[PDB]
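Next comes just one chain, in structure tokens: the form deposited in one PDB entry.
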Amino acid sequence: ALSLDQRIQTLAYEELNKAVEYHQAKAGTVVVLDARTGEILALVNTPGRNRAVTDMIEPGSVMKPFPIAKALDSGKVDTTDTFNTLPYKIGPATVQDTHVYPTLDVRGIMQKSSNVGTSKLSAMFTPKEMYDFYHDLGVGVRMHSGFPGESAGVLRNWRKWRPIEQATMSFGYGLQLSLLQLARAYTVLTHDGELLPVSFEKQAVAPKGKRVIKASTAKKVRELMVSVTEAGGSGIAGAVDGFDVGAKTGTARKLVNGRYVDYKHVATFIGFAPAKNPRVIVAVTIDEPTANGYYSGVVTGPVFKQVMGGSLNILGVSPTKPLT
């Protein structure tokens, strides 16, 4: 039997189509995973190929929780640590944020989405260490989900990395994942530090996870990611009434004949709820919105809000706090 919940599939389809039409976007995808089994509860694309599984994107800012997790898991970084977040150069390349802060602690790096801050956490590790971590999340790895034409994505071998590449990969450029691989990677945060396999068949046996970080680290990162959907966070549009939601926003410039252009974006929103003990992961991407905004929060946040809130109601999960 399929693991797909037709009520969630219908909800995802309606909300995705409403957003793609409203933002006059080229395409989009929604994935809903069971946060503790890796079963696919919903998987919808705009008409055409199964982009969720066939197409690879640069994850951009939705990659940031992973270097943050690795830094905390190493014991080299504490959540309360502060970093110099001023723009800086690696040879002729600039690493910078859209909004400059001289310093941010780890919660601020997550809340505000600091490329600089994330890069300073990656830079404490060797290229081999960071490659091994990305490989352990499934980047560049076949999921064997059961879909044909499944992308493995791209993870360049660390032996070829220029120092600028380690930095940009930490904030999601210079490596590529499908949306299904990115939703899968988030099971490291939801399943107490173990990466789950993904499947669209109902599970009969407990999936065997692979340990990537400590359960204590996963719990701390989920707490940090709630800041994204609260006041001051980039993902406040994705807040769900009656729950705490851990999430990450990303807006990525697209690559046109090897150059990043400022008039073409991919908007991504990924999150999980209830934040402290999540039941589901919801991943949304909308390709080239052209009307009514282009930022993750405004384009994909509302899709995430409706799909996550609707999914929790369908699965019979009670709100953990009074509604407002």
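The numbering used is simple: start at 1 and walk along the sequence shown. By rigid core we mean the largest C-alpha set that fits within 1.5 Å across both forms.
The same protein also exists as the form deposited in another entry; that form is not shown, yet it is the one meant from here on.
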So which one of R156, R253, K128, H135 actually moves, Cα shift of 2 Å or more between this form and the one not shown once the core is superposed?
-> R253
Rigid core fitted, then: does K26 show a CA shift of 2 angstroms or greater between this form and the one not shown?
-> no
Against the rigid core, is the Cα displacement of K276 between this form and the one not shown at least 2 Å?
-> no
Rigid core superposition, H265 Cα moves 2 angstroms or more between this form and the one not shown | yes
Relative to what is shown, are the Cα atoms of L255 and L180 closer or farther apart in the other entry, where the gap shifts by 3 Å or more?
-> closer
Between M143 and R253, does the Cα distance in the other entry come out closer or farther than in this form, changing by 3 Å or more?
-> closer
